[PDB]
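First comes the structure, then the notes that go with it.
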Amino acid sequence: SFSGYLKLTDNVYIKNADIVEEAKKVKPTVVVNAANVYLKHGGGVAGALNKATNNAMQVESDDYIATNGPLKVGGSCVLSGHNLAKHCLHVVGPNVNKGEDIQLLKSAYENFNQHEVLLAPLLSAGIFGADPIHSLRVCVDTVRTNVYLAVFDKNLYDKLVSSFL
């Protein structure tokens with residue numbers, strides 16, 4: 001199971017880790033992808049997870065979109081975890097570089113409550129342009145299930161921990 005995490009709350013844990021390497025190691029029931037509405041896994045967490053699946057995540061995703069159309073900002077779908085996890089929960093946080101409403105970050109994190117335990121990134125962080133400190137606050141104030149957060153950047157990990165509360 002999960003090792004090396006700092007406990008932030010009753011249900012939120014955090015680790016300075018590459019979510020791809022964490023998933024490959026742990027192979028959790030659920031890994032969260034920082035998806036976009038098109039499930040186009042080009043960069044950031046999504047590009048990295050998809051590359052680790054040898055593009056099988058993208059091929060599955062393209063079939064999902066062809067069948068169902070795009071997700072909503074704030075929404076999710078459950079697809080295969082391929083080699084990384086049993087399931088991948090593809091969650092769309094707002095991309096504030098695209099002018100999406102930051103208020104939808106809470107809606108995005110509510111999707112986590114449908115799963116008892118998840119490996120996840122901070123939604124809307126990194127290339128999605130939101131303040132990771134805000135993202136962690138919304139995470140702890142929204143998610144009630146057990147969520148293991150992987151933070152790639154060590155300087156940001158240290159900032160998140162040192163400013164928590």
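Chain labels follow the order of the structure tokens: the first chain is A, the next B, and so on; residue numbering restarts at 1 in every chain, and ligands are counted from 1 in their shown order.
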Which residues are close to residue 126 (chain A), i.e. within 12 Å by only C-alpha atoms, leaving aside same-chain residues fewer than 3 positions away? Reply as a list in words.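 In the requested format, the answer is residues 34, 43, 44, 45, 46, 93, 94, 95, 96, 97, 121, 122, 123, 129, 130, 131, 132, 133, 135, 151, 152, 153 and 156 of chain A.
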From chain A, collect each residue whose DSSP state is alpha helix (DSSP H) and return the set as a PyMOL selection string. chain A and resi 19-26+44-52+56-68+104-110+132-142+154-162
Taking only residues of region 90-118 of chain A that have an atom at most 9 Å from an atom of region 54-74 of chain A, what is each one's shortest atom pair and its distance in Å to one decimal, using only C-alpha atoms, in chain and number order, as CSV?
```
residue,atom,partner,partner_atom,distance
A:91,CA,A:74,CA,7.0
A:92,CA,A:74,CA,5.2
A:93,CA,A:74,CA,5.4
A:94,CA,A:73,CA,5.9
A:95,CA,A:73,CA,8.5
A:100,CA,A:73,CA,7.8
A:101,CA,A:73,CA,8.8
A:104,CA,A:74,CA,5.4
A:105,CA,A:74,CA,6.5
A:106,CA,A:74,CA,7.8
A:107,CA,A:74,CA,5.1
A:108,CA,A:74,CA,4.0
A:109,CA,A:74,CA,7.8
A:110,CA,A:74,CA,8.6
A:111,CA,A:74,CA,8.3
```
Please give the complete set of residues from region 15-143 of chain A that DSSP, run on the backbone, assigns to strand (DSSP E or B), formatted as a ChimeraX atom specification. /A:15-16,30-34,76-80,87-91,117-120
Under the rule of at most 12 Å, produce a per-residue listing of region 52-101 of chain A near region 5-20 of chain A: chain, number, name, the closest pair of atoms, and the distance in Å, as JSON lines, using only C-alpha atoms.
```
{"residue": "A:52", "atom": "CA", "partner": "A:20", "partner_atom": "CA", "distance": 7.1}
{"residue": "A:53", "atom": "CA", "partner": "A:20", "partner_atom": "CA", "distance": 9.8}
{"residue": "A:81", "atom": "CA", "partner": "A:20", "partner_atom": "CA", "distance": 11.5}
{"residue": "A:83", "atom": "CA", "partner": "A:20", "partner_atom": "CA", "distance": 10.4}
{"residue": "A:84", "atom": "CA", "partner": "A:20", "partner_atom": "CA", "distance": 7.5}
{"residue": "A:85", "atom": "CA", "partner": "A:20", "partner_atom": "CA", "distance": 10.3}
```
Kindly indicate which residue among A:86, A:51, A:40, A:98 lies nearest to residue 128 (chain A), using only C-alpha atoms for the distances.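 Under the stated criterion, the closest residue is A:98.
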Which is closer to residue 41 (chain A) than all the others in A:139, A:157, A:165, A:90, using only C-alpha atoms?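 Among the listed residues, A:90 lies closest to residue 41 (chain A).
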Considering only C-alpha atoms, return as a count of residues only whatever protein or nucleic-acid residues lie within 12 Å of residue 113 (chain A), sequence-local ones (same chain, fewer than 6 positions apart) excluded. 15
Expressed in Å to a single decimal, how great is the separation between CA of residue 35 (chain A) and CA of residue 137 (chain A)?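 Interatomic distance here is 20.1 Å.
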Interatomic distance (Å, one decimal) between CA of residue 119 (chain A) and CA of residue 149 (chain A):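 So the two atoms, CA of residue 119 (chain A) and CA of residue 149 (chain A), lie 6.1 Å apart.
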Which is closest to residue 37 (chain A) among A:155, A:82, A:25, A:77, if we use only C-alpha atoms?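 Among the listed residues, the smallest separation from residue 37 (chain A) belongs to A:77.
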Quick one: distance from CA of residue 49 (chain A) to CA of residue 150 (chain A) in Å, one decimal?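 CA of residue 150 (chain A) lies 12.8 Å from CA of residue 49 (chain A).
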